[PDB]
C-alpha cells in the first residue's frame, strides 16, 4: 500500500505509536481542507442501522464514528443488531474519510458543525442520544457541546463507551502498541494514507484545549478487563468521565466490549434510556 501505512507498521513494531501519530498530525496540515461546514466535500447522511418500534417522542441513537483509519460504516454493525425493535440507530460519518479523497476539516468545530447539520436533518423532531466508543466517545461529547452551544440543541443524553479523556489517558498511552496492532488486525483493506492522515489530524484536535462541558446526562460504559499489562500499584486502568449520570460495567476489554460483548453495552444503553425518559 502507501508509504504512511508502511511507516506506521514499523512504528507500531518499534513501540512508537505516539511519535508516529504526531507525524501524521503534522503531515495532515498539507492536505486540502474545508474551512466552513458548507465547504465539506462529502455527504454526511447518517445511515439507519437499526429500527425501533412503530408508534414520538422516543430518543433516537446516533453513533458517532471514531477516528480509526481502518474504520467507517462497519463500526456499529455488531452493536446495532441489539437495538433492532428497540431504538432507531443512526450512524453518522466522520468528515475527511470519504472518497479523489475527502477534504480534511480545518478544525474540529468545522467538522462538528457539518455533522450537526446532517444529524438534525435525519432526526427531525426526535430527541437525540449520542453514542461513541474510545476516540468516538470523546468526539460524541465534543459534538454534544457544539450542538448545545452553536445549534441551540443539546442532545437528550451521551453514551460514552470506554472514554480516556485528557488527564486520564495513561493506560491508553501505555497500551498504544496494542492499539496500533488492533488497527492492522482490524483491516478489511489496507488503511489508506489519506485516512491515516485524517486519523492523525483528529487525534491532535482531541488533544487540544476544548471549550466546555455538555449539560446532557452521561452514561459511562466501562470495559471490565485490561487491554494489556498494568501494575495494580499504578492505579485504576479503567475508562473515566467526571460525575456521570450512570456507570455500567460490561465484560470484555477496550476492544472486545464492542464485538463479543456488544449485547451487554446495548443492554446498558436500553436500561439507561428508559431511566432518563
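Numbering follows the first chain given and starts at 1.
Q: Which class describes the count of deposited residues lacking coordinates between residue 55 and residue 56: none, 1 to 3, 4 to 9, or 10 or more?
A: Missing residues, residue 55 to residue 56: 1 to 3.
Q: With respect to the deposited sequence, how many residues separating residue 99 from residue 100 are not represented by coordinates: none, 1 to 3, 4 to 9, or 10 or more?
A: In the record, 4 to 9 residues between residue 99 and residue 100 lack coordinates.
Q: Do the CA atoms of 213-221 or those of 30-38 have the higher mean B-factor in the entry?
A: That would be 30-38.
Q: Could you check which stretch, 139-147 or 112-120, carries the larger mean CA temperature factor in the entry?
A: In the deposited entry, the stretch with the higher C-alpha B-factor mean is 112-120.
Q: Going by what the PDB entry lists, where does residue 84 fall on CA B-factor within its chain: lowest, middle or highest third?
A: Middle third, going by the recorded CA B-factors of the chain.
Q: What third of its chain's C-alpha B-factors does residue 134 belong to: lowest, middle or highest?
A: Within its chain, residue 134 is a lowest-third residue by C-alpha B-factor, going by the deposited values.
Q: By the recorded C-alpha temperature factor, relative to the other modelled residues in its chain, which third is residue 93 in?
A: For residue 93, the deposited C-alpha B-factor lands in the lowest third.
Q: If you rank every modelled residue in this chain by C-alpha B factor, which third holds residue 69: lowest, middle or highest?
A: As the PDB entry reports it, the C-alpha B-factor of residue 69 lands in the lowest third of its chain.
Q: Taking only the Cα B-factors deposited for this chain, tell me whether residue 185 sits in the lowest, middle or highest third.
A: Highest third, going by the recorded CA B-factors of the chain.
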